[PDB]
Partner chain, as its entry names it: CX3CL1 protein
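Quick setup: one chain, the form solved without the partner chain, written in structure tokens, and binding and motion questions come after.
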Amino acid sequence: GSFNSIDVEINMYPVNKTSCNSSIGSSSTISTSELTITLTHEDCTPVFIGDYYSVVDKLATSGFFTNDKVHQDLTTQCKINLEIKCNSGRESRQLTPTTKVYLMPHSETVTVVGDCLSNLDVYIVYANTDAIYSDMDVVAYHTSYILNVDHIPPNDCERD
């Protein structure tokens, strides 16, 4: 079976802004006035439906996730691209994941532009909800020490 769920998490320190704006679509964004996170998902069948950005002091957890009812088309190759853009970032660079052996087909790239973050963690997680929890593919990236964001709720950007 193929994954029917994609979870993207981005944890960041330090952040100075709590207010954000979201626009989901082919190129989904979460942005504050100091950081923009841009996600693409070409040829990935599960559709991204929600996101969040929530802060405790200067620590942020954020992410995008899909509906979990439709399985990936095994005839198309899911490509997840993610870019974290700092306000005055001058040059892009690629992050390298901590593992490269996976159970399911997918490709991903994670890029950061600027050095405004002392800690940046990214997880791209593909799961077949029909399969045991330990069979998920977890693609993990860390620029520094790994942030603990346990128990920070997934508040969305809408202030209405």
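Positions refer to the first chain, counted from 1. Whichever C-alpha set is largest while still superposing within 1.5 Å between the two forms counts as the rigid core.
Here the subject shifts to the form deposited with the partner chain bound, a form of this protein not shown in this document.
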Exercise. Find the only residue in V15, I152, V139, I24 having a heavy atom within 4.5 Å of the partner chain in the deposited complex.
Key: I152
Quiz item: Would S5 count as touching the partner chain in the deposited complex under a 4.5 Å heavy atom rule?
Solution: yes
Quiz item: Within a 4.5 Å heavy atom cut-off, is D51 in contact with the partner chain in the deposited complex?
Solution: yes
Exercise. Spell out, yes or no, whether the shortest heavy atom distance between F65 and the partner chain in the deposited complex is within 4.5 Å.
Key: yes
Self-check item: Options 103-111, 51-59, 28-36, 89-97; stretch whose heavy atom lies within 4.5 Å of the partner chain in the deposited complex
Solution: 51-59
Quiz item: Out of 91-107, which residues reach within 4.5 Å of the partner chain in the deposited complex, heavy atoms considered?
Solution: none
Self-check item: Listed options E34, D115, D43, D135; Cα moving by 2 angstroms or more between the shown form and the other one (core superposition)
Solution: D135
